[PDB]
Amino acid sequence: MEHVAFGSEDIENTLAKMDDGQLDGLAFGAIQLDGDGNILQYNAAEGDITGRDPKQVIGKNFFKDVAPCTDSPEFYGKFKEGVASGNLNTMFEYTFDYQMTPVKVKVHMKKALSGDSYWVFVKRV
């Protein structure tokens, strides 16, 4: 395990520039998106929660393609606002239900330090 807790205050610094293998060591799901929602990174813990294959989703659009249940004001709307302001930092519960048994999660979206990059962290609740 990487020794990092979900929700930690400086998570963006600890995860800055992490390679794919290190991201796979986290206790929680971690996705990195560009400002349009294209998937740049997707870790093993996320794939175990959602069923998606972390290798196959890279390059797909999270809102248009992988996760249409998040294409709503309550998820995508918050993402795109926080991308626009440059200070996205929001934590909220949500249910994932596309082509899967519904599962309720806690989501933490936070701007990454690297350019045009935004984290989406997920754990079960």
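Numbering starts at 1 and follows the sequence shown.
- Looking at 104-112 and 20-28 together, the entry lists the larger mean B-factor for 20-28, computed on C-alpha atoms.
- Here the stretch with the larger average CA B-factor, out of 76-84 and 94-102, is 76-84.
- The maximum CA B-factor among the listed residues 56, 89, 70, 50, taken from the PDB record, is found at 56.
- Sort the modelled residues of the chain by CA B factor and residue 5 lands in the middle third.
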